[PDB]
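*Asks:* Handing you this structure, nothing more for now.
What follows is calculated from the coordinates using simple rules that are stated; it is not laboratory data. Note that we place each Cβ from the backbone using ideal geometry, even for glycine, and neighbour counts take in every protein chain shown.
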Ligand SMILES: CCCCCC(=O)OC[C@H](COP(=O)([O-])OCCN)OC(=O)CCCCC
């Protein structure tokens, strides 16, 4: 099941779960500089792509 | 300038937030919206309206006088 994996597989698999998906976030401590959720959410895609 | 991470000190405060794709941008827009507008106008009308009513009364009197002050009298 590993040797099947090549670069095309990770791109397809990662986009399926990561690209343009709503993440869950949890913060604890001195997190004033923790980016706002909309900024986090916009980091889940690239306008160049 | 000022940066995030150098503003102030905060302790023991938790914030729960939901993604904007999980919720509605217009929730109860008229159900809860109008009663809130009524409360907001009710709370401030007595502080804003009187001076502008006072202006309205001066405005009608002043024109009413001027509009007829140049009428003629029999003398
Ligand atoms: C000719 C095309 C110009 C494109 C400008 C652009 O997209 O700016 C970034 C944001 C949206 O991207 P993002 O903030 O989600 O970041 C995405 C991170 N991957 O868009 C806006 O809200 C900016 C408004 C500009 C008004 C002058």
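*Asks:* Of the residues B:46, B:7, which is over 18 Å from the mean Cα position of the chain (by Cα) and either within 11 Å of another protein chain (Cβ to nearest Cβ) or assigned to a helix (DSSP H, G or I) (or both)?
*Replies:* Exactly one residue qualifies, and that residue is B:7.
*Asks:* If residue A:32 satisfies every condition in (1) within 16 Å of the ligand (Cβ to nearest atom); (2) within 12 Å of chain B (Cβ to nearest Cβ); (3) in a loop (DSSP other than H, G, I, E, B) but one, which is the exception?
*Replies:* For residue A:32, the exception is condition (1).
*Asks:* Which of the residues that make up segment A:4-29 are away from the ligand (no atom under 12 Å from the Cβ) and within 14 Å of chain B (Cβ to nearest Cβ)?
*Replies:* Those that are away from the ligand (no atom under 12 Å from the Cβ) and within 14 Å of chain B (Cβ to nearest Cβ): A:21, A:22, A:23, A:24, A:25, A:26, A:27, A:28, A:29.
*Asks:* Using the structure shown, decide if residue A:39 is within 14 Å of chain B (Cβ to nearest Cβ), surrounded by fewer than 10 Cβ atoms within 10 Å (Cβ to Cβ) and within 16 Å of the ligand (Cβ to nearest atom).
*Replies:* yes
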